[PDB]
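When the letters of the sequence shown are read in order and numbered with PDB author numbering, they come out as residues 4 to 125, 127 to 261.
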Amino acid sequence: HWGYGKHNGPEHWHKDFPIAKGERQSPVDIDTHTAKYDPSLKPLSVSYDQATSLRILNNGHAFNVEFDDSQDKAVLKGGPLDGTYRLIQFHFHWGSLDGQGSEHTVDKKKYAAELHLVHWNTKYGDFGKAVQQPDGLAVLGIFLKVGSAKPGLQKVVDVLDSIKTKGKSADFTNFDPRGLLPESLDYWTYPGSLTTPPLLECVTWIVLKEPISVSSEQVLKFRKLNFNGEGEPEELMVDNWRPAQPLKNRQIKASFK
Ligand SMILES: Cc1ncc(-c2ccc(S(N)(=O)=O)cc2)o1
Ligand SMILES: Cc1ncc(-c2ccc(S(N)(=O)=O)cc2)o1
Ligand SMILES: [Zn+2]
């Protein structure tokens with residue numbers, strides 16, 4: 004029953020998920036001047052050449068593009084990470100207006116949307133086991149600003165009408181997530197959590213400094229999705245973002261000077 008409405012939104016989540024008030028919650032504001040350059044941080048290794056997308060699902064909170072993660076086909080390594088993390092899905096969070104929608108903020112700036120590429124640590129064998137571990141997941145976060153279209157996003161945009169409502173899915177094969185990346189892989193990193201219930205504190209966050217540009221028409225199509233199921237009153241899927249949470253006893257590290 005959690006969601007993003009007045010009656011079930013982020014302010015309510017702690018009542019069923021007490022970890023909502025925990026010590027390593029996400030997202031956070033990235034204060035660029037306080038983040039420390041860490042020269043020991045390695046370049047990120049994004050290896051998506053063998054990615055196998057399978058399906059796109061409206062889950063009532065966002066839409067997930069799901070991948071075959073039964074083998075090491077699309078993996079994230081390097082950066083702050085030890086070992087190999089397999090891509091399981093990506094999704095976005097976005098706003099009702101271009102001035103909001105991102106979960107992380109940068110010097111309090113909100114972007115129009117934020118892409119999360121979710122990966123799990125292969127030493128734990130599957131995703132369900134990984135979320136129970138402090139180093140179980142690595143989520144690569146990428147900001148979206150509104151400007152020029154992102155050509156690699158269009159195949160995603162164009163299928164959304166077929167998954168308008170909660171529980172709908174569609175075949176979504178041969179999608180290359182490399183088309184969603186910016187040019188630079190400079191990043192900030194910090195230990196955090198899932199940003200939706202169950203809010204588990206299992207994520208190494210890697211947030212790219214360079215946003216990608218998407219067109220107004222592209223993001224408008226995100227906003228035509230529904231939180232509700234088919235044959236239910238229409239509630240537009242917008243503002244599905246959690247606001248910044250207290251940093252507490254954490255340091256944000258930068259890969260770049
Ligand atoms: C009107 C209404 N019926 C049930 C709920 C509700 C249930 C769980 C949550 S929570 N704590 O999971 O966010 C928030 C609200 O609201
Ligand atoms: C129970 C469950 N299965 C998958 C997830 C989940 C995955 C990523 C994120 S996020 N927004 O932190 O990338 C939030 C929740 O929740
Ligand atoms: Zn997310």
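From the three backbone atoms N, C-alpha and C, an ideal C-beta is built for every residue, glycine too.
Check                                                                                                                                                                                                : Outcome
Can you list every residue whose CB sits closer than 5 angstroms to some heavy atom of ligand 1, going in chain order?                                                                               : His4, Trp5, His10, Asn11, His15, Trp16, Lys18, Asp19
With H, G and I counted as helix, E and B as strand and the rest as coil, what does DSSP make of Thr125?                                                                                             : helix
In three-state terms, what does DSSP make of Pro195?                                                                                                                                                 : strand
Going along the chain, which residues put their C-beta within less than 6 angstroms of some heavy atom in ligand 3?                                                                                  : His94, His96, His119, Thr199
Please classify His36: is it buried, with 16 or more other beta-carbons within 10 angstroms of its beta-carbon, or exposed?                                                                          : exposed
Find the nearest neighbour of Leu60 within the set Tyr191, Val242, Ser173, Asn244, judged by alpha-carbon distance.                                                                                  : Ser173
Whose C-beta lies closer than 7 angstroms to the C-beta of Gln53 among residues of the same chain, with five residues either side of it excluded?                                                    : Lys76, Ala77
Please go through the same chain and pick out, in chain order, the residues whose beta-carbon is closer than 7 angstroms to the beta-carbon of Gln92, but skip the five residues on each side of it. : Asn67, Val68, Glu69, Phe70, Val121
Count the other CB atoms within 10 Å of the CB of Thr199; is the residue buried (16 or more) or exposed (fewer)?                                                                                     : buried
Using a Cβ-based criterion (distance less than 7 angstroms to any ligand heavy atom), does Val49 qualify as near ligand 2?                                                                           : no
Which residue comes first and which comes last in the alpha helix (DSSP H) that contains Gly132?                                                                                                     : 131-134
Measure the C-alpha to C-alpha separation of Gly102 and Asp243 and round it to an integer number of angstroms.                                                                                       : 11 angstroms
Quick one: complete beta strand (DSSP E) runs, 3+ long, within the region 162-232?                                                                                                                   : 173-175, 191-196, 207-212, 216-218
If you measure from the CB of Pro202, is any heavy atom of ligand 2 nearer than 7 angstroms?                                                                                                         : yes
Under 7 angstroms from any heavy atom of ligand 2, does the C-beta of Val207 make it?                                                                                                                : yes
If you draw a straight line from the alpha carbon of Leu185 to that of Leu148, how long is it in whole angstroms?                                                                                    : 10 angstroms
Please classify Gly156: does DSSP put it in a helix, a strand, or coil?                                                                                                                              : helix
Measuring alpha carbon to alpha carbon, tell me which of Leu44, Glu239, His96, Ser73 ends up nearest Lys9.                                                                                           : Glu239
Using three-state DSSP, classify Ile256 as helix, strand or coil.                                                                                                                                    : coil
Consider the C-beta atom of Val143 and the heavy atoms of ligand 2; say whether any pair is separated by less than 7 angstroms.                                                                      : yes
For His4, does the three-state DSSP call read helix, strand or coil?                                                                                                                                 : coil
Indicate, with yes or no, if ligand 2 has a heavy atom lying under 7 angstroms from the CB of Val211.                                                                                                : no
If we ignore side chains and look at the alpha-carbon of each, how far apart do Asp190 and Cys206 end up?                                                                                            : 22 angstroms
Look at the alpha carbon of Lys168 and the alpha carbon of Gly104, and state the distance between them as a whole number of angstroms.                                                               : 19 angstroms
Taking its Cβ as the centre, do 16 or more other Cβ atoms sit within 10 Å of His94, making it buried, or is it exposed?                                                                              : buried
Can you find a heavy atom of ligand 2 that lies under 7 angstroms from the Cβ of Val31?                                                                                                              : no
Give a yes or no on whether the C-beta atoms belonging to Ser219 and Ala115 are separated by under 8 angstroms.                                                                                      : no
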